[PDB]
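Below, in structure tokens: the form deposited in one PDB entry, a single chain.
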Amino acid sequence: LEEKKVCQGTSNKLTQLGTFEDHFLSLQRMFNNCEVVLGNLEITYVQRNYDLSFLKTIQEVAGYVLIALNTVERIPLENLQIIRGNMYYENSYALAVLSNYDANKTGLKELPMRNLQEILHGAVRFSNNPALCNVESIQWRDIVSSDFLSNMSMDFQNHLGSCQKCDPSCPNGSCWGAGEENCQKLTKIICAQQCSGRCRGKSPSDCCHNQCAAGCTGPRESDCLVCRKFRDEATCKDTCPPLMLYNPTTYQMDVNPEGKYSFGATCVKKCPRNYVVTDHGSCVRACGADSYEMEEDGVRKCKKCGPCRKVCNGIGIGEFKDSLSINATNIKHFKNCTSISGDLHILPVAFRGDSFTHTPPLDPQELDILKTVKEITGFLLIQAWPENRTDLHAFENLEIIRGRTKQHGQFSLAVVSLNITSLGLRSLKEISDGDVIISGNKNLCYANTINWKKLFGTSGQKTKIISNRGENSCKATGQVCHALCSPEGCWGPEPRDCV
């Protein structure tokens, strides 16, 4: 009923993306009109005079917040009220503000986060910010969970001096910057004893409902600033209202007319497109070991097997949380999988081996293990392939790519900068959602012959199939679909390569 502009987030830590300007356009593009950040918020390397006003819309950050190596004078995160800290930075921090300046000349001066009332998980660290003003006066015991205040290893300084004292109207001299506007709002340290969560004031009639986070404008549920757990229309619930309720005097399940489904941290009428609906009235991206999927008449719903097909986790989750690609070490686990719950990444590192990560080259022959993979729930990203392999034979049985998860939030299938001459994706019959990009494959010749639209199952799906091998050259060298393929092209020159 009242959405809220949401956006992806980033994980570049302390890396710079090209020039300062380049790096900046990347930032501005990733958070322009964003109110909620599902990932992390990383503001780094911004220089003097670059406007960060677009940052004023950020209200929530799900992961961590990294502010570092910025020389810009002000970072206006004026409305960020919550940092969940689902995922940390450097193992311990939900908020890290580091080395914000250059040669003891200029640096980050003001960070007016006057609404940062809560950090659910993780600690906070400040270091080498010789120009940052006022933050020192902050009482973090009102923002960070007690079970994290001890891991706080901060350290401030005033080697800029152009710092004004907090306004006299502020609490115990606490503020995020000059002005009464930036005084620190307390909501957990000055609360009435008879209270659980945050509070409006110290009055017993001014306490917030337990499901409230940061603060509230009233004593009720629909009166929270930000929700603790789930969010239902305009309410904060510890769990979404079930679709069914047990009846203690019937030993039967009654249908709750006010039930809804769990979708992330929100409750909704019906699950969205391409998600699976469970018996528990929730939307999941992957069923359980015993279940599978059924649709065509309604919505894809899980069920339950015993001859269940083998489901292996994908790069990014499970035992491969910090694994960059399919590699010598992990390729064993994709043993004899038929379906991947998650995504598959194949980067050049897989073939070179990686020191910093103790991984030896992968034997090209090993990839044939993937021939059993018939479906991928997330996305398939191929940035490298064995040098002497003409096509992606190892995936010639891949039938469905669902796109439940996508690269950069957009792509479901990404085949770039390889030397393959044809795709070989003979079984690929459906790309549920997500975009398809097949670019920079200088010798790739059949891509455009396939009618991709015929594989899509969601509106707005598009392709970016350019800059591979020139059509004219493909025709000249006679690399085109076989004679028995008047239909929707082919995945290669071969007869059995035809769609």
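Numbering starts at 1 and follows the sequence shown. Rigid core here is just the name for the largest C-alpha set that superposes within 1.5 Å across the two forms.
Form deposited in another entry: not shown, discussed below.
Student: Can you tell me which of these residues, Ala96, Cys227, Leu243, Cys163, is the one whose C-alpha shifts by at least 2 angstroms between this form and the one not shown after a rigid core fit?
Tutor: The one that moves 2 Å or more is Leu243.
Student: With both forms fitted on the core, check whether the Cα of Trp176 differs by 2 Å or more between this form and the one not shown.
Tutor: No; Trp176 is a residue whose C-alpha shifts by less than 2 Å between this form and the one not shown when the cores are overlaid.
Student: Superposing on the rigid core, is the Cα displacement of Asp433 between this form and the one not shown 2 Å or more?
Tutor: Where the cores coincide, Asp433 still shows a C-alpha shift between this form and the one not shown that is 2 Å or more.
Student: Look at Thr71 and decide if its Cα position differs by 2 Å or more between this form and the one not shown after superposing on the rigid core.
Tutor: Superposed on the core, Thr71 moves its C-alpha less than 2 Å between this form and the one not shown.
Student: Which way does the C-alpha gap of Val284 and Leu41 go in the other form, closer or farther, given it changes by 3 angstroms or more?
Tutor: They are closer; the C-alpha distance drops by 3 Å or more in the other form.
Student: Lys406 and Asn12: their C-alpha distance differs by 3 angstroms or more in the other form. Do they come closer or move farther apart compared with the shown form?
Tutor: The answer is closer, because the C-alphas of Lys406 and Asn12 approach each other in the other form by 3 Å or more.
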